[PDB]
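Numbered from 1 within each chain, the chains take letters A, B, ... in sequence-line order. The figures here come from the full heavy-atom set of this structure, side chains too, leaving out hydrogens, waters and symmetry mates.
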Amino acid sequence: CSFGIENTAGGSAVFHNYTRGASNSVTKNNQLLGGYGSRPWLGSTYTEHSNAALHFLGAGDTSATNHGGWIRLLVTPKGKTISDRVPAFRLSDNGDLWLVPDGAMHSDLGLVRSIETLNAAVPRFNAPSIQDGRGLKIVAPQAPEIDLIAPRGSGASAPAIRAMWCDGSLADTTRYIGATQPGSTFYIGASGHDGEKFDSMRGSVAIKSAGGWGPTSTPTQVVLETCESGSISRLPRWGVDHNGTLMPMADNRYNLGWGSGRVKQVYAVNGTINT
Amino acid sequence: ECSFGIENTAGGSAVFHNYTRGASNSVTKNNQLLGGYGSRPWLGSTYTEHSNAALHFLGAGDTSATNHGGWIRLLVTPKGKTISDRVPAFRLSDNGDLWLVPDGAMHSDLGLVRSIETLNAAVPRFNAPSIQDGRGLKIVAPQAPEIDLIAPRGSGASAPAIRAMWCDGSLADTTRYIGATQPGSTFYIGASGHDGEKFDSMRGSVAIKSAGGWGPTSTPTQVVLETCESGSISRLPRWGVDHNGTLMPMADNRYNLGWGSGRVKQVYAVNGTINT
Amino acid sequence: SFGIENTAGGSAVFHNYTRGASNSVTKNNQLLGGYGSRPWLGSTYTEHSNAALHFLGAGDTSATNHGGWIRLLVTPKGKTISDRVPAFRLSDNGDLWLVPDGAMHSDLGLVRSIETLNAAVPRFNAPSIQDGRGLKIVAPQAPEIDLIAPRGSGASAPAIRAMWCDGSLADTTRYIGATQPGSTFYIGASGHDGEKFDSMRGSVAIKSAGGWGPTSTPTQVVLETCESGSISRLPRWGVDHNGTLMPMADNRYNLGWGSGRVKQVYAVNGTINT
């Protein structure tokens with residue numbers, strides 16, 4: 001049944017995996033520094049390796065200036081053998097969470113942990129490594145997806161994606177937090193490979209501060225951005241301003257409607273267009 | 001102060017294994033607890049009966065020569081409750097999805113739910129599309145499941161973002177071709193829902209689309225808004241912003257701007273004459 | 001390798017036991033147990049683990065509180081275990097907090113909820129009603145979700161999908177039912193006003209426009225802003241269920257302004273209806 005560690009003076013009771021390089025050399029980048037793992041029973045044996053596991057791995061060859069390490073969790077899909085086990089959860093040394101379900105990456109890329117390393121293993125990728133350390137990366141064939149499942153019970157189904165702007169920083173000892181600043185933005189939009197590389201988003205919805213905030217003024221706008229055919233510049237086209245004006249984001253430039261997609265009728269209180 | 005270390009001094013790996021069988025040396029079972037690691041904390045003179053925080057390995061499918069199926073969950077216990085009401089709030093499915101199921105969200109009878117497939121099974125009136133399994137992150141919370149993106153300025157700019165990353169090709173094979181964003185690339189943000197029989201497709205959305213295949217000096221996009229009419233179950237594009245920035249209706253002679261009791265106040269345009 | 005076995009096909013589990021000082025009850029955020037790689041420098045191991053799973057107490061333990069939570073620690077390439085990062089926190093309430101390098105000081109290593117973050121950083125004041133709602137990502141400046149969507153043989157179709165229903169999975173009954181009216185899916189921005197975070201002040205929302213049934217599932221899409229000098233987020237412009245693009249109030253919101261005019265308007269009727 002059970003197997004314990006105890007610490008009766010109320011110190012902590014911890015388990016450690018120790019591991020070296022070949023010939024007492026320093027441990028290596030992506031070397032498996034330790035692991036915990038179910039092996040299940042086939043009938044008369046156990047599986048050769050674990051079918052579900054927590055792995056600790058090195059990030060960089062270890063040294064006096066690098067104790068780099070990262071984590072991953074491995075699962076095995078119903079109806080496959082541990083040959084096709086999947087390191088689906090990767091907690092990068094930088095702290096990003098990569099989520100890589102079955103189908104998404106070949107097991108030769110099992111040790112990919114960052115955009116930097118993905119760029120290395122797949123030289124045609126070329127995604128912006130400045131995006132490393134920014135949080136959650138999901139990789140799935142075709143249709144990577146977030147599902148927000150929202151039973152009413154007794155109130156309201158209100159799933160939400162909520163950006164939270166503030167001034168200041170939680171990274172230092174000071175820990176000033178302060179009022180939302182101008183040029184605060186919340187972009188939802190699409191980057192993509194142009195055949196050379198990924199770069200900046202080229203179509204977006206953005207929610208922006210339109211102003212610095214204080215406790216009785218919190219202006220926002222909502223802006224829609226596209227990129228023109230033959231361009232690589234994402235441009236604001238239409239926004240809703242803080243006063244609720246729907247507008248083009250530049251004067252004398254963008255139509256409403258076109259010849260083969262005309263508005264059916266316009267309702268405005270003033271019957272005269274103001275030019 | 002009291003450490004317990006496995007060591008491998010030739011620089012092999014040093015791993016820990018949980019071994020587990022079925023009854024009477026039978027093959028291990030679906031959702032059978034194949035192993036576990038777990039804090040038990042001290043009440044005053046005893047430990048809790050089970051762990052209050054734990055990593056569990058579980059079987060997915062009865063084990064066999066063609067099924068080594070396994071999955072993971074992490075259990076926590078909320079402040080002010082006993083381990084009776086401990087919560088398997090992190091579930092890493094055998095398909096590789098992450099399910100995130102906080103306190104309040106699922107009854108503990110559904111502690112072993114690991115996919116839309118199994119959720120449909122346990123809750124027969126659910127009927128959600130199991131084709132969505134394997135797609136990444138599922139969050140389940142009563143009423144208000146939520147992603148919070150907390151964005152301190154420090155010295156630059158509060159710029160939280162949700163960023164789709166379109167490409168051609170695949171990371172799943174050995175070739176590993178990656179290539180230019182294709183046409184009919186999309187990034188949909190929208191709402192599915194139960195119709196009283198089932199969940200199905202989204203019925204209102206914002207989408208960012210490729211409007212074109214891409215290359216390094218042309219990366220066209222559009223943004224499109226979709227709704228479903230009362231009495232219909234068809235989600236339809238209504239208004240978009242095109243790659244040239246035209247705000248338009250997504251069909252000719254069909255959608256109004258304004259209505260009788262919600263009129264625009266004034267229109268500003270350079271041409272004072274509507275083109276018909 | 002080091003294996004525990006259970007040959008009668010009971011379960012084979014590993015337990016960390018831990019007490020308070022002098023056989024006292026274990027404490028809030030006390031490290032109740034752990035598993036941790038220590039790697040080899042050349043002639044020694046690192047002093048603590050460079051990657052680890054920690055179990056911690058939530059609340060002083062008691063007959064009515066067995067509170068516990070989990071975190072995973074990593075160490076970034078080119079730094080020592082001094083600057084290791086508890087980047088994954090699974091709160092006692094069940095939320096997942098994701099806190100990469102650069103995001104929080106190590107003094108806030110034990111932060112596990114908005115409640116406890118408010119405590120450690122008294123100027124924060126974020127709404128603790130948001131605890132238990134799922135995923136919180138904290139990064140300096142640019143917290144981000146990336147959805148990476150290789151075509152292979154079909155279509156690049158990344159998606160963020162709200163799933164409305166009636167009923168509840170929390171009880172034993174487990175009624176699930178049709179999407180109700182005032183169902184919403186908001187994507188938008190809260191922020192500090194200099195006192196506190198509160199509700200979102202600009203948003204896109206997808207709404208139910210109606211209760212649903214198996215032949216009618218109406219939606220609208222609505223854009224909300226807040227005016228300069230206000231703290232009220234207000235619907236401004238929506239796309240209705242019939243596809244009408246409208247202002248969300250009569251005689252109130254312009255299309256265009258004097259220094260940002262539409263270039264041309266195309267409509268079938270050449271006469272504005274007033």
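- Using modelled atom types and a 3.5 Å distance limit, the side chains of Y188(B) and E145(A) yield no donor-acceptor pair.
- One finds a salt bridge joining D148(B) and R162(A) here, because a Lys/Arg side-chain nitrogen approaches an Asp/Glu carboxylate oxygen to under 4.0 Å.
- Only the side chain of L99(A) has a heavy atom closer than 4.5 Å to any heavy atom of chain B.
- Both the backbone and the side chain of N25(B) come within less than 4.5 Å of a heavy atom of chain A.
- Residue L109(A) touches chain B through its side chain alone, counting heavy-atom pairs closer than 4.5 Å.
- Listed in order of number, the residues of residues 225-235 of chain A that approach chain B to under 4.5 Å between heavy atoms are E225(A), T226(A), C227(A), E228(A), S229(A), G230(A), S231(A), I232(A).
- Residue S93(B) touches chain A through its backbone alone, counting heavy-atom pairs closer than 4.5 Å.
- Only the backbone of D242(B) has a heavy atom closer than 4.5 Å to any heavy atom of chain A.
- Both the backbone and the side chain of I161(A) come within contact range of chain B, each with at least one heavy atom under 4.5 Å from a heavy atom of that chain.
- Between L136(A) and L137(B), the closest heavy-atom pair is CD2-CD2, 3.9 Å.
- Proximity to chain B is limited to the side chain of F198(A), based on heavy atoms less than 4.5 angstrom apart.
- Judged purely by atom type and a 3.5 angstrom limit, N253(B) has no side-chain atom pairing as donor or acceptor with the backbone of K264(A).
- For the residue pair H68(B) / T81(A), no side-chain donor-acceptor distance below 3.5 Å is found, with atom types taken as modelled.
- A pairwise comparison of heavy atoms in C166(A) and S158(B) identifies O-OG, 3.3 Å as the closest pair.
- Shown here for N51(A) and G69(B), the closest heavy-atom pair between the two residues is ND2-O, 3.2 Å.
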